[PDB]
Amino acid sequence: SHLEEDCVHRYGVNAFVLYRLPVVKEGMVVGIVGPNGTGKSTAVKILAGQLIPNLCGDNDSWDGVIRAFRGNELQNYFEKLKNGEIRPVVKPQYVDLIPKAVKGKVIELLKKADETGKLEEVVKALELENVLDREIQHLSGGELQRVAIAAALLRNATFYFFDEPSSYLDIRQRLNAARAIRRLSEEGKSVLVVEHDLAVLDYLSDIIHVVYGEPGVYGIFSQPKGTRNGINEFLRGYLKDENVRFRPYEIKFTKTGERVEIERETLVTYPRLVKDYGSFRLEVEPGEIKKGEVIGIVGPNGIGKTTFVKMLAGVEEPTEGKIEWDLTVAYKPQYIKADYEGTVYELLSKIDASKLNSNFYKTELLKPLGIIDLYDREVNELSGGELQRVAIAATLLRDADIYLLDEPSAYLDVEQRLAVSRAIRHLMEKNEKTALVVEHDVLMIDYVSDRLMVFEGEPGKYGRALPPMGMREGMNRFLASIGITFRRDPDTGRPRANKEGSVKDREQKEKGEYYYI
């Protein structure tokens, strides 16, 4: 490792160094997974032709790159790139910035991008019908993301690169987008994709690269791996052929003998609830919450998931129905704006200083979420991802009967998501407390949950919360509405997506068994 010939790019005002690049292949989806700050987007910019790599020296031409990749399958790729025979289509990471770069209505922009005549089909697949007449200034993060994916899908090219397409998308939208993206590979096109949602990455990919190193300092692309081996090696934290142990422990999913079936005592019940906001209505079916369980909450956005959590938190009053509880609630809101003049250490030490000094909390919460490295940071200067982790930590440090975490995966990289899953679960097991977690990341839902609460309905119009039910029944119901099936992986115990049209997918769809444990 760290070979000079493999040194692809060094940022001058930074000194971050990237080693190696992923393979791209027509008729294949190549997936890229790794912590942020390790060069994933840098690699995409290079392969797209947007950044001429300097080879960790002073190279400033494609000729120098072509020579450096002598005897590499990428040599001819870069020749074609240099000569304009190829011009990759790039759905970039920074979809937030679309309003600053582009004006006008959405329909206008997708018309321009239409080089395939599939405007209606793409608009359908990404469910953009209600967004077509909107002006870009009035689009949500999630709508900006889907308009970007749409515009990339509509271009005619050979190479299509998608940098973090699941960001801002609900569970339905990310899985639908993955299906639509993968269809490019069935047409003989090449797809490169960077993803932090491991279920989506799995479903998307034929080949996987793991990116490893030290965020902000250096990153290295693994050798190409099969999808199963790659993700399994990522979870184990050890790349065998490269002989690199990049995490000192394994991230394990539940194998079928681990968690004892327990008939839990009821903590609280709630009756039928209704919450109206003008023309929107949420109806919640009567349900029960057990002592010491975690309920995962899943569904499309615009449906009342947050609204439900807010009623549980006592920050919102139901329109109809009555919550009669004598419980303490700790609440991690979906959207947080820092308004705190002090450091992370000050904030968390004032919640529970004894827990900050506890070995269990250091091991299971503070170290894995990277909170200790944030201790002397001002809370008001934290980024989205930093503030998310601190808020989760702050919530889990409180002493409560019930912990409510609304979309903790937002702004988190793959490594941080796995850490957050483990922390929620281990802390709730340790302290014998109860949690509800709203999440769109399927592997997070699978790791944290004992039972599942499904929301269904029409975004912005109506929503219905089903009573909490078993993992199998819950996921079957949800996944039926998307038409995607998952099996279990014997090695890691992780849910493993069946690709569209595969034999296991057919067998499962006929039996109506969309999800195994």
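The first residue of the shown sequence is 1; numbering continues from there.
Peer 1: Please work out which of 413-421 and 140-148 has the higher mean CA B-factor as recorded in the PDB entry.
Peer 2: Comparing averages over the C-alpha atoms only gives 140-148.
Peer 1: May I ask you to compare 459-467 and 28-36 by their mean CA B factor in the entry and name the higher one?
Peer 2: The stretch with the larger average C-alpha B-factor is 459-467.
Peer 1: Out of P99, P224, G302, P271, which shows the largest CA B-factor listed in the entry?
Peer 2: Comparing C-alpha B-factors across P99, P224, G302, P271, the top value belongs to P99.
Peer 1: Sorting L110, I372, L356, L169 by Cα temperature factor from the record, which one lands on top?
Peer 2: Of the candidates given, the C-alpha B-factor peaks at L110.
Peer 1: Ranking the modelled residues of this chain by C-alpha B-factor as given in the entry, is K255 in the lowest, middle or highest third?
Peer 2: It falls in the top third of the chain.
Peer 1: When the modelled residues of the chain are sorted by Cα temperature factor, does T42 land in the lowest, middle or highest third?
Peer 2: Within its chain, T42 is a lowest-third residue by C-alpha B-factor, going by the deposited values.
Peer 1: Report the third (lowest, middle or highest) to which the CA temperature factor of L132 belongs, ranking only the modelled residues of the same chain.
Peer 2: For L132, the deposited C-alpha B-factor lands in the highest third.
Peer 1: Sorting the chain's modelled residues by C-alpha B-factor, tell me whether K433 ends up in the lowest, middle or highest third.
Peer 2: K433: CA B-factor falls in the middle third of its chain.
Peer 1: Which third, lowest, middle or highest, does the CA B-factor of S481 fall in along this chain?
Peer 2: Highest third of the chain for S481's C-alpha B-factor.
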